[PDB]
Amino acid sequence: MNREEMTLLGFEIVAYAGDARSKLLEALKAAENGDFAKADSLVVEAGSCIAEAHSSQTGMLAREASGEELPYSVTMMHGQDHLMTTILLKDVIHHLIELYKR
Amino acid sequence: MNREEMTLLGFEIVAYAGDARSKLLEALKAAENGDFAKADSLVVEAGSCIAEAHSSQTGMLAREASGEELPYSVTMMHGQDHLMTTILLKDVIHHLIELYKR
Amino acid sequence: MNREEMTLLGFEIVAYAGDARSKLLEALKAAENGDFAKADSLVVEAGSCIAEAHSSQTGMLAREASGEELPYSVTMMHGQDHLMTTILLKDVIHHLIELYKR
Ligand SMILES: [Mg+2]
């Protein structure tokens, strides 16, 4: 694809990763305040946002693997940063809630 | 801009991010040892280094969004990784301190 | 080097970081269940893999700093995201284990 397509998709990712990010942090706030029902609900919601903007990552990487030359985009790079850090938080949040739960 | 400018800006972001991270880690060591006061101040200090490194971020996105082709730089990419991972630490640090403060 | 070469090194980075990440997450599961000796074991193993990927990172950045032009690769940008998020987790894991240990 061209640079402009990569930039727009990067923006989509920045949007969804950003949304998932706020939900996960709000979940941490809820857990801090002993409101675990809300904490869990929020995490479950953040999960969908991530799954959506994530499955696109796979197809993108597979294309380069199979010979496609993908153009550089600072926006795409930025979206991936948002996505990957948010995913790490998602992968570790259960323990944070659990620690607040104990 | 040229690759040289991107690289140098990258070094700049790495320096600020690096210091922000060291302080956040140091803040953790403090909270672990009960020095919550030292931990809190350190967290505030970290935020300033982050504000600096984070500065150019929006501008870069805007330039590319308006149709400007920004050069690829490993150093810049690495700086962005440092910044973004450090910002996540900053976003979570409060809960790790609180859990230590309970 | 060419893009293909950059992509191959990136795959290597993803392998080391992905493996390290699963050990660190497994280390978290262990600590959660009170198996602290297992937790430390995994963290020590993960560090070995991280050391191999991180060392490779240093050389690359240095190559650009010395004037060398390196090709952009989505896989390398992805491997770096994996490595960088994994290094953050490794730097913060001790405090998570300790919190479960308290
Ligand atoms: Mg990145």
# chains A, B, ... in the order shown; residues from 1 in each chain; ligands from 1
>>> residues_near_ligand(ligand="ligand 1", cutoff="7 Å", atoms="only C-alpha atoms and all ligand atoms", output="number ranges by chain")
A: 77-78, 80-81; B: 77-78, 80-81; C: 77-78, 80-81
>>> write_last_selection(atoms="C-alpha atoms", output="compact mmCIF listing (two decimals), in the first residue's frame")
# COMPACT_ATOMS: atom_id res chain seq x y z
CA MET A 77 4.80 3.56 14.09
CA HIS A 78 3.05 5.66 16.73
CA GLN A 80 1.88 0.44 17.04
CA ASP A 81 3.47 2.01 20.10
CA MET B 77 12.01 4.67 16.38
CA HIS B 78 14.00 3.61 19.47
CA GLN B 80 9.69 6.61 20.55
CA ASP B 81 9.86 3.14 22.11
CA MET C 77 9.59 -2.25 14.13
CA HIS C 78 7.36 -4.96 15.62
CA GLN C 80 11.48 -3.72 18.78
CA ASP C 81 8.00 -3.06 20.21
>>> closest_atom_pairs(of="chain C", to="chain A", cutoff="8 Å", atoms="only C-alpha atoms", output="CSV")
residue,atom,partner,partner_atom,distance
C:7,CA,A:65,CA,7.8
C:25,CA,A:92,CA,7.6
C:28,CA,A:95,CA,7.6
C:32,CA,A:95,CA,7.6
C:72,CA,A:72,CA,6.7
C:73,CA,A:70,CA,7.7
C:74,CA,A:61,CA,6.6
C:75,CA,A:61,CA,6.2
C:77,CA,A:77,CA,7.5
C:78,CA,A:80,CA,7.8
C:81,CA,A:84,CA,6.5
C:82,CA,A:84,CA,7.4
C:85,CA,A:85,CA,6.3
C:99,CA,A:99,CA,7.4
C:100,CA,A:99,CA,7.0
>>> write_last_selection(atoms="N, CA, C and O atoms", output="PDB file, in the first residue's frame")
ATOM      1  N   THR C   7      14.394  -7.658   7.971  1.00  0.00           N
ATOM      2  CA  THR C   7      13.210  -8.432   8.334  1.00  0.00           C
ATOM      3  C   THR C   7      13.612  -9.720   9.053  1.00  0.00           C
ATOM      4  O   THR C   7      12.976 -10.111  10.035  1.00  0.00           O
ATOM      5  N   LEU C  25       5.402 -13.639  32.107  1.00  0.00           N
ATOM      6  CA  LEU C  25       3.977 -13.755  32.422  1.00  0.00           C
ATOM      7  C   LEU C  25       3.719 -15.013  33.261  1.00  0.00           C
ATOM      8  O   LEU C  25       2.872 -15.013  34.158  1.00  0.00           O
ATOM      9  N   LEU C  28       4.578 -14.431  36.708  1.00  0.00           N
ATOM     10  CA  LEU C  28       3.506 -13.725  37.401  1.00  0.00           C
ATOM     11  C   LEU C  28       2.449 -14.690  37.898  1.00  0.00           C
ATOM     12  O   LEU C  28       1.917 -14.524  38.994  1.00  0.00           O
ATOM     13  N   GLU C  32       1.472 -15.381  41.855  1.00  0.00           N
ATOM     14  CA  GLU C  32       0.070 -15.251  42.233  1.00  0.00           C
ATOM     15  C   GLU C  32      -0.382 -16.450  43.058  1.00  0.00           C
ATOM     16  O   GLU C  32      -1.211 -16.314  43.963  1.00  0.00           O
ATOM     17  N   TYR C  72      13.853   0.246   6.410  1.00  0.00           N
ATOM     18  CA  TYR C  72      12.711   0.120   7.299  1.00  0.00           C
ATOM     19  C   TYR C  72      12.104  -1.263   7.111  1.00  0.00           C
ATOM     20  O   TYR C  72      12.032  -1.776   5.992  1.00  0.00           O
ATOM     21  N   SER C  73      11.654  -1.847   8.215  1.00  0.00           N
ATOM     22  CA  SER C  73      11.038  -3.157   8.199  1.00  0.00           C
ATOM     23  C   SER C  73       9.955  -3.195   9.266  1.00  0.00           C
ATOM     24  O   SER C  73      10.217  -2.899  10.433  1.00  0.00           O
ATOM     25  N   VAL C  74       8.739  -3.538   8.853  1.00  0.00           N
ATOM     26  CA  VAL C  74       7.601  -3.640   9.764  1.00  0.00           C
ATOM     27  C   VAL C  74       7.895  -4.689  10.832  1.00  0.00           C
ATOM     28  O   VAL C  74       7.607  -4.489  12.013  1.00  0.00           O
ATOM     29  N   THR C  75       8.490  -5.801  10.414  1.00  0.00           N
ATOM     30  CA  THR C  75       8.823  -6.874  11.336  1.00  0.00           C
ATOM     31  C   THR C  75       9.837  -6.404  12.372  1.00  0.00           C
ATOM     32  O   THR C  75       9.705  -6.734  13.553  1.00  0.00           O
ATOM     33  N   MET C  77      10.273  -3.240  13.307  1.00  0.00           N
ATOM     34  CA  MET C  77       9.592  -2.250  14.129  1.00  0.00           C
ATOM     35  C   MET C  77       8.736  -2.973  15.167  1.00  0.00           C
ATOM     36  O   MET C  77       8.557  -2.492  16.298  1.00  0.00           O
ATOM     37  N   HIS C  78       8.194  -4.120  14.760  1.00  0.00           N
ATOM     38  CA  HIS C  78       7.360  -4.956  15.619  1.00  0.00           C
ATOM     39  C   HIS C  78       8.217  -5.691  16.646  1.00  0.00           C
ATOM     40  O   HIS C  78       7.821  -5.821  17.806  1.00  0.00           O
ATOM     41  N   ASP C  81       9.131  -3.338  19.322  1.00  0.00           N
ATOM     42  CA  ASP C  81       8.003  -3.060  20.207  1.00  0.00           C
ATOM     43  C   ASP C  81       7.893  -4.186  21.223  1.00  0.00           C
ATOM     44  O   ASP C  81       7.668  -3.948  22.404  1.00  0.00           O
ATOM     45  N   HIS C  82       8.043  -5.416  20.750  1.00  0.00           N
ATOM     46  CA  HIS C  82       7.994  -6.568  21.627  1.00  0.00           C
ATOM     47  C   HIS C  82       9.132  -6.481  22.631  1.00  0.00           C
ATOM     48  O   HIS C  82       8.908  -6.558  23.839  1.00  0.00           O
ATOM     49  N   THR C  85       8.668  -3.486  25.201  1.00  0.00           N
ATOM     50  CA  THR C  85       7.612  -3.688  26.196  1.00  0.00           C
ATOM     51  C   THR C  85       8.030  -4.793  27.175  1.00  0.00           C
ATOM     52  O   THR C  85       7.780  -4.695  28.382  1.00  0.00           O
ATOM     53  N   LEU C  99       5.110  -7.632  45.743  1.00  0.00           N
ATOM     54  CA  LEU C  99       3.776  -7.260  46.211  1.00  0.00           C
ATOM     55  C   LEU C  99       2.919  -8.500  46.475  1.00  0.00           C
ATOM     56  O   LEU C  99       2.074  -8.499  47.363  1.00  0.00           O
ATOM     57  N   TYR C 100       3.122  -9.542  45.675  1.00  0.00           N
ATOM     58  CA  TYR C 100       2.396 -10.795  45.848  1.00  0.00           C
ATOM     59  C   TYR C 100       3.026 -11.530  47.026  1.00  0.00           C
ATOM     60  O   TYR C 100       2.401 -12.381  47.657  1.00  0.00           O
TER      61      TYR C 100
END
>>> closest_residue(among="A:13, A:101, A:22, A:58", to="residue 35 (chain A)", atoms="only C-alpha atoms")
A:101
>>> select_by_dssp(residues="chain B", states="helix (DSSP H, G or I)", output="ChimeraX atom specification")
/B:3-32,36-54,56-65,74-100
>>> write_last_selection(atoms="C-alpha atoms", output="PDB file, in the first residue's frame")
ATOM      1  CA  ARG B   3      17.402  11.434   8.284  1.00  0.00           C
ATOM      2  CA  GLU B   4      20.137  13.292  10.153  1.00  0.00           C
ATOM      3  CA  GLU B   5      17.633  15.618  11.831  1.00  0.00           C
ATOM      4  CA  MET B   6      15.371  12.689  12.731  1.00  0.00           C
ATOM      5  CA  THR B   7      18.311  10.824  14.248  1.00  0.00           C
ATOM      6  CA  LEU B   8      19.445  13.777  16.366  1.00  0.00           C
ATOM      7  CA  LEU B   9      15.900  14.474  17.543  1.00  0.00           C
ATOM      8  CA  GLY B  10      15.788  10.760  18.356  1.00  0.00           C
ATOM      9  CA  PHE B  11      18.874  11.073  20.570  1.00  0.00           C
ATOM     10  CA  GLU B  12      17.193  13.980  22.302  1.00  0.00           C
ATOM     11  CA  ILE B  13      14.040  11.950  23.076  1.00  0.00           C
ATOM     12  CA  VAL B  14      16.145   9.009  24.285  1.00  0.00           C
ATOM     13  CA  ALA B  15      18.004  11.244  26.771  1.00  0.00           C
ATOM     14  CA  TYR B  16      14.835  12.709  28.273  1.00  0.00           C
ATOM     15  CA  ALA B  17      13.007   9.372  28.292  1.00  0.00           C
ATOM     16  CA  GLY B  18      16.031   7.638  29.792  1.00  0.00           C
ATOM     17  CA  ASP B  19      16.143  10.015  32.727  1.00  0.00           C
ATOM     18  CA  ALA B  20      12.381   9.833  33.221  1.00  0.00           C
ATOM     19  CA  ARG B  21      12.650   6.062  33.406  1.00  0.00           C
ATOM     20  CA  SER B  22      15.568   6.035  35.843  1.00  0.00           C
ATOM     21  CA  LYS B  23      13.592   8.299  38.168  1.00  0.00           C
ATOM     22  CA  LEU B  24      10.475   6.147  37.896  1.00  0.00           C
ATOM     23  CA  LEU B  25      12.526   3.045  38.730  1.00  0.00           C
ATOM     24  CA  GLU B  26      14.186   4.929  41.591  1.00  0.00           C
ATOM     25  CA  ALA B  27      10.712   5.957  42.760  1.00  0.00           C
ATOM     26  CA  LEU B  28       9.805   2.248  42.866  1.00  0.00           C
ATOM     27  CA  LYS B  29      12.872   1.420  44.958  1.00  0.00           C
ATOM     28  CA  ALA B  30      11.785   4.189  47.347  1.00  0.00           C
ATOM     29  CA  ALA B  31       8.185   2.999  47.706  1.00  0.00           C
ATOM     30  CA  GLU B  32       9.452  -0.550  48.182  1.00  0.00           C
ATOM     31  CA  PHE B  36       6.801   7.244  49.863  1.00  0.00           C
ATOM     32  CA  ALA B  37       7.699  10.936  50.105  1.00  0.00           C
ATOM     33  CA  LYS B  38      10.847  10.422  48.043  1.00  0.00           C
ATOM     34  CA  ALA B  39       8.838   8.202  45.692  1.00  0.00           C
ATOM     35  CA  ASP B  40       6.168  10.856  45.113  1.00  0.00           C
ATOM     36  CA  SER B  41       8.602  13.685  44.420  1.00  0.00           C
ATOM     37  CA  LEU B  42      10.592  11.452  42.055  1.00  0.00           C
ATOM     38  CA  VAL B  43       7.404  10.700  40.145  1.00  0.00           C
ATOM     39  CA  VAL B  44       6.744  14.435  39.756  1.00  0.00           C
ATOM     40  CA  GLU B  45      10.308  14.942  38.486  1.00  0.00           C
ATOM     41  CA  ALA B  46       9.887  12.136  35.937  1.00  0.00           C
ATOM     42  CA  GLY B  47       6.851  13.886  34.469  1.00  0.00           C
ATOM     43  CA  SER B  48       8.920  16.922  33.483  1.00  0.00           C
ATOM     44  CA  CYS B  49      11.496  14.925  31.526  1.00  0.00           C
ATOM     45  CA  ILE B  50       8.564  13.247  29.776  1.00  0.00           C
ATOM     46  CA  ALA B  51       6.934  16.568  28.872  1.00  0.00           C
ATOM     47  CA  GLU B  52      10.145  17.495  27.073  1.00  0.00           C
ATOM     48  CA  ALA B  53      10.637  14.258  25.119  1.00  0.00           C
ATOM     49  CA  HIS B  54       6.910  14.106  24.348  1.00  0.00           C
ATOM     50  CA  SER B  56       7.766  16.881  19.157  1.00  0.00           C
ATOM     51  CA  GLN B  57       5.322  13.947  18.972  1.00  0.00           C
ATOM     52  CA  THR B  58       2.175  15.782  17.855  1.00  0.00           C
ATOM     53  CA  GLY B  59       4.108  17.961  15.417  1.00  0.00           C
ATOM     54  CA  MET B  60       5.522  14.936  13.620  1.00  0.00           C
ATOM     55  CA  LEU B  61       2.080  13.373  13.253  1.00  0.00           C
ATOM     56  CA  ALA B  62       0.729  16.670  11.941  1.00  0.00           C
ATOM     57  CA  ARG B  63       3.528  17.068   9.387  1.00  0.00           C
ATOM     58  CA  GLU B  64       2.985  13.601   7.935  1.00  0.00           C
ATOM     59  CA  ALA B  65      -0.804  13.987   8.116  1.00  0.00           C
ATOM     60  CA  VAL B  74      16.116   3.611  13.809  1.00  0.00           C
ATOM     61  CA  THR B  75      17.233   6.028  16.550  1.00  0.00           C
ATOM     62  CA  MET B  76      13.940   7.957  16.395  1.00  0.00           C
ATOM     63  CA  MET B  77      12.007   4.673  16.384  1.00  0.00           C
ATOM     64  CA  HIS B  78      13.999   3.615  19.470  1.00  0.00           C
ATOM     65  CA  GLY B  79      13.431   6.967  21.135  1.00  0.00           C
ATOM     66  CA  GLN B  80       9.691   6.614  20.549  1.00  0.00           C
ATOM     67  CA  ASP B  81       9.856   3.141  22.112  1.00  0.00           C
ATOM     68  CA  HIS B  82      11.626   4.542  25.162  1.00  0.00           C
ATOM     69  CA  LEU B  83       9.168   7.402  25.487  1.00  0.00           C
ATOM     70  CA  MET B  84       6.056   5.288  25.024  1.00  0.00           C
ATOM     71  CA  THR B  85       7.164   2.486  27.352  1.00  0.00           C
ATOM     72  CA  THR B  86       8.170   5.081  29.968  1.00  0.00           C
ATOM     73  CA  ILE B  87       4.806   6.829  29.668  1.00  0.00           C
ATOM     74  CA  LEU B  88       3.063   3.513  30.337  1.00  0.00           C
ATOM     75  CA  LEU B  89       5.218   3.058  33.442  1.00  0.00           C
ATOM     76  CA  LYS B  90       4.223   6.563  34.495  1.00  0.00           C
ATOM     77  CA  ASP B  91       0.543   5.703  33.867  1.00  0.00           C
ATOM     78  CA  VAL B  92       0.776   2.696  36.179  1.00  0.00           C
ATOM     79  CA  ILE B  93       3.353   3.812  38.783  1.00  0.00           C
ATOM     80  CA  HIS B  94       0.675   5.300  41.054  1.00  0.00           C
ATOM     81  CA  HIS B  95      -0.984   1.924  41.607  1.00  0.00           C
ATOM     82  CA  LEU B  96       2.317   0.183  42.330  1.00  0.00           C
ATOM     83  CA  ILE B  97       3.114   2.886  44.882  1.00  0.00           C
ATOM     84  CA  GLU B  98      -0.353   2.658  46.442  1.00  0.00           C
ATOM     85  CA  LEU B  99      -0.140  -1.140  46.658  1.00  0.00           C
ATOM     86  CA  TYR B 100       3.184  -0.603  48.409  1.00  0.00           C
TER      87      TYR B 100
END
>>> atom_distance(atom1="CA of residue 68 (chain B)", atom2="CA of residue 1 (chain C)")
25.9 Å
